[PDB]
Amino acid sequence: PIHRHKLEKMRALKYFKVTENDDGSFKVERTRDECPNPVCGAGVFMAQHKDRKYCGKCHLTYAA
Amino acid sequence: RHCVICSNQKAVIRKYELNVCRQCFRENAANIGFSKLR
RNA sequence: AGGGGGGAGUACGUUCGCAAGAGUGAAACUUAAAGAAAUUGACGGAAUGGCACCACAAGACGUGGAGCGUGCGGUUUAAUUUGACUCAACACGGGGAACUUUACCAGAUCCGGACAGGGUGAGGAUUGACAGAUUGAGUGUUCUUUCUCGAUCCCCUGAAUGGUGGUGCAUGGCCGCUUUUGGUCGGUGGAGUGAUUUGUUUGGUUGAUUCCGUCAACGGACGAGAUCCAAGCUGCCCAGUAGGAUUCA
RNA sequence: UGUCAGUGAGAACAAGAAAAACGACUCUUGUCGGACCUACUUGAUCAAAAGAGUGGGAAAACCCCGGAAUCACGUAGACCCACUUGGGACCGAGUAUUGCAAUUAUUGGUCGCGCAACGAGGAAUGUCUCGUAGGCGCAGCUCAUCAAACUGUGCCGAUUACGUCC
């Protein structure tokens with residue numbers, strides 16, 4: 001009774017990436033780590049995996 | 001090769017003088033102006 | 001003398017006969033036809049008249065047993081996909097196929113399952129995704145990570161479409177062959193109860209139901225012939241990519 | 001094998017038919033050349049296979065639009081009645097070419113093996129009477145690439161019969 005590959009994933013976000021930078025006294029800063037030089041603006045953020053970071057959409061090599 | 005008036009690619013493709021009419025046989029599919037008299 | 005066909009001229013009895021046999025003569029059981037005549041087809045080691053180097057004569061060239069290519073059969077194998085088998089199978093399926101083509105085999109994938117009518121919008125079963133893993137496939141299918149998200153993709157039914165799957169004995173179209181010969185059919189009239197026949201017939205001629213003649217047939221329609229395509233000779237057209245003639249050189 | 005006859009050379013001489021165009025670049029007020037062939041020259045101060053540049057064509061233009069096989073040849077060529085110097089099929093090594101991918105795919109190539117078969121081949125059986133049979137070559141076809149196949153054109157070109165129905 002094995003279907004092998006393909007299943008439901010249920011993943012990605014919840015209410016996470018809720019808003020931009022919170023404000024109304026001073027700006028406090030994002031959940032994650034920055035993306036230098038995206039082409040879709042800085043609303044994209046980079047992975048934490050193996051001390052490397054990677055942009056899942058603009059596909060850059062940048063590390064921490 | 002491959003054919004453009006079928007997608008079969010088998011039952012033989014004519015590419016002589018830049019035409020295909022042998023994946024739909026020309027006896028059935030005439031009015032190309034050809035005739036037999038001899 | 002006979003009362004469907006077999007059983008049977010058998011059985012039993014009885015009379016005749018030297019014997020072989022003769023006369024008389026059932027039943028049990030079984031079967032749905034047996035039989036008569038004529039007609040139209042097919043076949044004949046039947047007859048007659050004709051026609052074909054797919055028939056033969058005379059005789060030129062091969063195949064048939066070698067070494068090769070190709071197809072088929074057999075066996076084999078994971079699969080050795082399959083149609084076709086005297087001729088109208090077998091260098092055939094315009095089929096000289098290696099991955100593609102591909103039926104078939106070894107594995108993975110897609111939605112094409114569209115169509116939401118019964119459900120999940122945001123954050124979904126999702127679209128796209130580096131690394132890690134998955135696995136032949138760092139492939140992003142998948143699973144983890146994290147990112148990119150239209151809400152179409154996704155959930156359940158019904159519905160669906162796609163197919164080189166079978167059936168050519170469901171079928172259309174097309175092709176092969178019967179048949180490369182001269183054959184085919186109706187109206188009106190004649191004959192027969194009818195099925196049928198005459199027309200389409202003795203003779204000669206021709207590849208020819210091609211002709212002339214004749215006749216219970218008369219007048220017709222197709223195939224044949226002819227019209228077409230190509231070749232050989234030629235007129236007219238006729239010249240700058242067609243090619244020669246004379247002189248100058 | 002002696003009626004191309006087997007290895008060498010030179011001469012004269014053939015006909016249909018195939019081909020081209022990518023939304024790919026560049027070009028403008030609405031757009032041109034590259035996937036076809038063949039020519040010519042380097043490819044020999046040193047092979048073949050094979051590299052590249054220039055040049056023309058949509059074909060009666062493509063260089064003479066058309067050529068080398070059958071054939072001719074005594075140039076006083078070589079072989080010479082042998083399974084060979086007649087034939088190839090197996091087999092190993094090398095290299096270049098084609099392609100999305102080659103696993104002899106490549107194959108027009110080198111050079112081994114040939115002294116591996118086979119000597120016109122039992123019975124049986126095929127099809128043609130004239131420019132035909134037979135012999136020979138070329139192109140088209142299929143298409144990453146290969147034709148002992150198929151289709152078409154041309155060349156050399158007879159013997160017998162022109163009767164019968166067995």
# chains A, B, ... in the order shown; residues from 1 in each chain; ligands from 1
>>> interface_residues(of="chain D", to="chain B", cutoff="9 Å", atoms="only C-alpha atoms (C1' of nucleotides)", output="MDAnalysis selection string")
chainID D and resid 141:143
>>> closest_atom_pairs(of="chain C", to="chain B", cutoff="12 Å", atoms="only C-alpha atoms (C1' of nucleotides)", output="CSV")
residue,atom,partner,partner_atom,distance
C:93,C1',B:11,CA,8.6
C:94,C1',B:12,CA,7.1
C:95,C1',B:12,CA,8.6
C:97,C1',B:10,CA,10.5
C:100,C1',B:1,CA,8.8
C:101,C1',B:9,CA,6.3
C:102,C1',B:10,CA,9.4
C:103,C1',B:10,CA,11.1
C:163,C1',B:8,CA,11.8
C:164,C1',B:8,CA,8.6
C:173,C1',B:28,CA,8.2
C:174,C1',B:28,CA,7.5
C:175,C1',B:27,CA,10.5
C:228,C1',B:37,CA,7.4
C:229,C1',B:38,CA,5.0
C:230,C1',B:38,CA,7.4
>>> residues_around(residues="region 102-119 of chain D", least_positions_apart="2", cutoff="9 Å", atoms="only C-alpha atoms (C1' of nucleotides)", output="PyMOL selection string")
(chain C and resi 66-67+98) or (chain D and resi 47-49+83+87-98+121+145-146)
>>> residues_around(residues="residue 4 (chain B)", least_positions_apart="6", cutoff="10 Å", atoms="only C-alpha atoms (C1' of nucleotides)", output="list in words")
residues 13, 19, 20, 21 and 23 of chain B
>>> interface_residues(of="chain C", to="chain A", cutoff="12 Å", atoms="only C-alpha atoms (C1' of nucleotides)", output="PDB file with C-alpha atoms (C1' of nucleotides), in the first residue's frame")
ATOM      1  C1'   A C 108      10.929   7.179 -12.801  1.00  0.00           C
ATOM      2  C1'   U C 109       7.218  10.953 -14.262  1.00  0.00           C
ATOM      3  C1'   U C 120      -9.502  23.705   2.233  1.00  0.00           C
ATOM      4  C1'   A C 122      -4.738  34.988   3.345  1.00  0.00           C
ATOM      5  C1'   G C 123      -1.035  31.026   6.713  1.00  0.00           C
ATOM      6  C1'   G C 124      -3.533  24.993   2.661  1.00  0.00           C
ATOM      7  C1'   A C 125      -3.103  19.801   0.366  1.00  0.00           C
ATOM      8  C1'   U C 126       0.118  24.629  -3.526  1.00  0.00           C
ATOM      9  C1'   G C 128       8.755  27.721  -7.975  1.00  0.00           C
ATOM     10  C1'   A C 129      13.315  26.798  -4.927  1.00  0.00           C
ATOM     11  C1'   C C 130      20.009  26.782  -2.913  1.00  0.00           C
ATOM     12  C1'   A C 131      21.839  23.219   0.468  1.00  0.00           C
ATOM     13  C1'   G C 132      20.947  18.354   2.672  1.00  0.00           C
ATOM     14  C1'   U C 134      15.877  10.856  -2.367  1.00  0.00           C
ATOM     15  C1'   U C 135      17.595   8.045  -6.572  1.00  0.00           C
ATOM     16  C1'   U C 141       9.608  14.616  -8.656  1.00  0.00           C
ATOM     17  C1'   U C 142       9.851  13.707  -3.682  1.00  0.00           C
ATOM     18  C1'   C C 143      11.239  14.314   1.927  1.00  0.00           C
ATOM     19  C1'   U C 144      14.028  18.057   5.666  1.00  0.00           C
ATOM     20  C1'   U C 145      15.718  23.101   5.884  1.00  0.00           C
ATOM     21  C1'   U C 146      14.496  27.821   4.504  1.00  0.00           C
ATOM     22  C1'   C C 147      12.837  30.676   0.995  1.00  0.00           C
ATOM     23  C1'   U C 148       9.243  32.051  -3.707  1.00  0.00           C
ATOM     24  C1'   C C 149       3.449  31.711  -3.962  1.00  0.00           C
ATOM     25  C1'   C C 154      -5.226  20.602  -4.117  1.00  0.00           C
ATOM     26  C1'   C C 155      -9.028  17.583  -1.313  1.00  0.00           C
TER      27        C C 155
END
>>> residues_around(residues="residue 79 (chain D)", least_positions_apart="5", cutoff="12 Å", atoms="only C-alpha atoms (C1' of nucleotides)", output="PDB file with N, CA and C atoms (P, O5', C5', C4', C3', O3' and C1' of nucleotides), in the first residue's frame")
ATOM      1  P     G D   2      38.611 -18.792 -68.402  1.00  0.00           P
ATOM      2  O5'   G D   2      39.244 -17.450 -68.954  1.00  0.00           O
ATOM      3  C5'   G D   2      38.503 -16.635 -69.887  1.00  0.00           C
ATOM      4  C4'   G D   2      39.402 -15.940 -70.936  1.00  0.00           C
ATOM      5  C3'   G D   2      40.024 -16.910 -71.951  1.00  0.00           C
ATOM      6  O3'   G D   2      40.318 -16.251 -73.192  1.00  0.00           O
ATOM      7  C1'   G D   2      41.719 -16.082 -70.562  1.00  0.00           C
ATOM      8  P     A D   5      35.763 -10.718 -67.294  1.00  0.00           P
ATOM      9  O5'   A D   5      36.716 -11.931 -66.922  1.00  0.00           O
ATOM     10  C5'   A D   5      37.838 -12.313 -67.727  1.00  0.00           C
ATOM     11  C4'   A D   5      39.146 -12.138 -66.958  1.00  0.00           C
ATOM     12  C3'   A D   5      39.726 -10.722 -66.806  1.00  0.00           C
ATOM     13  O3'   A D   5      40.216 -10.501 -65.474  1.00  0.00           O
ATOM     14  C1'   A D   5      41.367 -12.103 -67.676  1.00  0.00           C
ATOM     15  P     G D   6      39.200  -9.847 -64.445  1.00  0.00           P
ATOM     16  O5'   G D   6      39.988  -9.870 -63.080  1.00  0.00           O
ATOM     17  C5'   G D   6      40.723 -11.011 -62.632  1.00  0.00           C
ATOM     18  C4'   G D   6      42.063 -10.566 -62.029  1.00  0.00           C
ATOM     19  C3'   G D   6      42.403  -9.075 -62.099  1.00  0.00           C
ATOM     20  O3'   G D   6      41.720  -8.409 -61.041  1.00  0.00           O
ATOM     21  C1'   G D   6      44.246 -10.302 -62.847  1.00  0.00           C
ATOM     22  P     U D   7      41.678  -6.836 -60.960  1.00  0.00           P
ATOM     23  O5'   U D   7      43.062  -6.468 -60.279  1.00  0.00           O
ATOM     24  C5'   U D   7      43.847  -5.439 -60.900  1.00  0.00           C
ATOM     25  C4'   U D   7      45.008  -5.030 -59.988  1.00  0.00           C
ATOM     26  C3'   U D   7      46.060  -4.240 -60.763  1.00  0.00           C
ATOM     27  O3'   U D   7      46.731  -3.308 -59.910  1.00  0.00           O
ATOM     28  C1'   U D   7      46.990  -6.318 -60.125  1.00  0.00           C
ATOM     29  P     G D   8      46.423  -1.762 -60.022  1.00  0.00           P
ATOM     30  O5'   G D   8      47.327  -1.331 -61.249  1.00  0.00           O
ATOM     31  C5'   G D   8      48.727  -1.119 -61.012  1.00  0.00           C
ATOM     32  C4'   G D   8      49.397  -0.606 -62.288  1.00  0.00           C
ATOM     33  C3'   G D   8      48.650   0.506 -63.038  1.00  0.00           C
ATOM     34  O3'   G D   8      48.870   1.769 -62.400  1.00  0.00           O
ATOM     35  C1'   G D   8      49.372  -1.092 -64.573  1.00  0.00           C
ATOM     36  P     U D  84      46.354 -20.839 -54.114  1.00  0.00           P
ATOM     37  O5'   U D  84      47.054 -20.857 -55.532  1.00  0.00           O
ATOM     38  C5'   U D  84      48.429 -20.503 -55.735  1.00  0.00           C
ATOM     39  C4'   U D  84      48.652 -19.127 -56.407  1.00  0.00           C
ATOM     40  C3'   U D  84      48.147 -17.880 -55.649  1.00  0.00           C
ATOM     41  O3'   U D  84      49.017 -16.756 -55.861  1.00  0.00           O
ATOM     42  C1'   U D  84      47.041 -18.068 -57.741  1.00  0.00           C
ATOM     43  P     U D  85      49.085 -15.621 -54.745  1.00  0.00           P
ATOM     44  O5'   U D  85      49.559 -14.368 -55.586  1.00  0.00           O
ATOM     45  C5'   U D  85      49.025 -13.065 -55.304  1.00  0.00           C
ATOM     46  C4'   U D  85      48.462 -12.393 -56.563  1.00  0.00           C
ATOM     47  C3'   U D  85      47.383 -13.184 -57.313  1.00  0.00           C
ATOM     48  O3'   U D  85      46.385 -12.297 -57.844  1.00  0.00           O
ATOM     49  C1'   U D  85      49.286 -12.972 -58.686  1.00  0.00           C
ATOM     50  P     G D  86      44.916 -12.350 -57.254  1.00  0.00           P
ATOM     51  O5'   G D  86      44.277 -13.492 -58.142  1.00  0.00           O
ATOM     52  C5'   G D  86      44.037 -13.254 -59.540  1.00  0.00           C
ATOM     53  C4'   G D  86      42.711 -13.890 -59.960  1.00  0.00           C
ATOM     54  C3'   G D  86      41.493 -13.592 -59.077  1.00  0.00           C
ATOM     55  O3'   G D  86      40.904 -12.368 -59.503  1.00  0.00           O
ATOM     56  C1'   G D  86      41.672 -15.902 -59.335  1.00  0.00           C
TER      57        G D  86
END
>>> residues_around(residues="residue 222 (chain C)", least_positions_apart="2", cutoff="10 Å", atoms="only C-alpha atoms (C1' of nucleotides)", output="PyMOL selection string")
chain C and resi 184-185+224
>>> atom_distance(atom1="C1' of residue 148 (chain D)", atom2="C1' of residue 69 (chain C)")
5.7 Å
>>> select_by_dssp(residues="chain A", states="strand (DSSP E or B)", output="list in words")
residues 46, 49, 52, 53, 54, 55, 61, 62 and 63 of chain A
>>> write_last_selection(atoms="C-alpha atoms", output="compact mmCIF listing (two decimals), in the first residue's frame")
# COMPACT_ATOMS: atom_id res chain seq x y z
CA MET A 46 18.44 34.23 2.84
CA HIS A 49 22.30 26.32 6.34
CA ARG A 52 26.29 29.52 3.86
CA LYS A 53 23.24 31.59 3.11
CA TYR A 54 21.25 31.35 -0.07
CA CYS A 55 18.51 33.37 -1.71
CA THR A 61 26.20 33.00 -2.92
CA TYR A 62 26.62 34.99 0.27
CA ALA A 63 27.62 33.66 3.67
>>> atom_distance(atom1="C1' of residue 7 (chain C)", atom2="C1' of residue 35 (chain C)")
18.7 Å
>>> atom_distance(atom1="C1' of residue 154 (chain D)", atom2="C1' of residue 128 (chain D)")
21.5 Å
>>> residues_around(residues="residue 137 (chain D)", least_positions_apart="4", cutoff="12 Å", atoms="only C-alpha atoms (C1' of nucleotides)", output="list in words")
residues 14, 15, 68, 69, 70, 153, 154, 155 and 156 of chain D
>>> decode(residues="region 205-228 of chain C", atoms="C-alpha atoms (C1' of nucleotides)", output="PDB file, in the first residue's frame")
ATOM      1  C1'   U C 205     -13.126 -12.858 -89.333  1.00  0.00           C
ATOM      2  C1'   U C 206     -10.549 -10.399 -84.851  1.00  0.00           C
ATOM      3  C1'   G C 207      -6.650  -9.507 -78.901  1.00  0.00           C
ATOM      4  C1'   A C 208     -11.828  -8.351 -78.422  1.00  0.00           C
ATOM      5  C1'   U C 209     -20.010  -9.831 -77.142  1.00  0.00           C
ATOM      6  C1'   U C 210     -14.405  -6.781 -82.990  1.00  0.00           C
ATOM      7  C1'   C C 211     -17.403  -7.183 -87.418  1.00  0.00           C
ATOM      8  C1'   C C 212     -20.695  -9.174 -91.849  1.00  0.00           C
ATOM      9  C1'   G C 213     -24.661 -12.489 -92.320  1.00  0.00           C
ATOM     10  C1'   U C 214     -28.665 -15.141 -90.294  1.00  0.00           C
ATOM     11  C1'   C C 215     -32.978 -15.694 -86.391  1.00  0.00           C
ATOM     12  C1'   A C 216     -38.765 -14.626 -81.800  1.00  0.00           C
ATOM     13  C1'   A C 217     -36.686 -11.160 -81.195  1.00  0.00           C
ATOM     14  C1'   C C 218     -37.031  -5.566 -81.367  1.00  0.00           C
ATOM     15  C1'   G C 219     -34.774  -1.336 -79.804  1.00  0.00           C
ATOM     16  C1'   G C 220     -30.814  -0.083 -75.776  1.00  0.00           C
ATOM     17  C1'   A C 221     -26.693   0.702 -71.664  1.00  0.00           C
ATOM     18  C1'   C C 222     -21.515  -0.393 -69.874  1.00  0.00           C
ATOM     19  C1'   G C 223     -16.563  -2.886 -70.513  1.00  0.00           C
ATOM     20  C1'   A C 224     -13.831  -3.365 -75.329  1.00  0.00           C
ATOM     21  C1'   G C 225     -12.829   0.319 -79.158  1.00  0.00           C
ATOM     22  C1'   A C 226     -12.066   5.479 -78.743  1.00  0.00           C
ATOM     23  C1'   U C 227     -10.739   9.917 -75.701  1.00  0.00           C
ATOM     24  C1'   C C 228      -5.953  10.683 -72.760  1.00  0.00           C
TER      25        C C 228
END
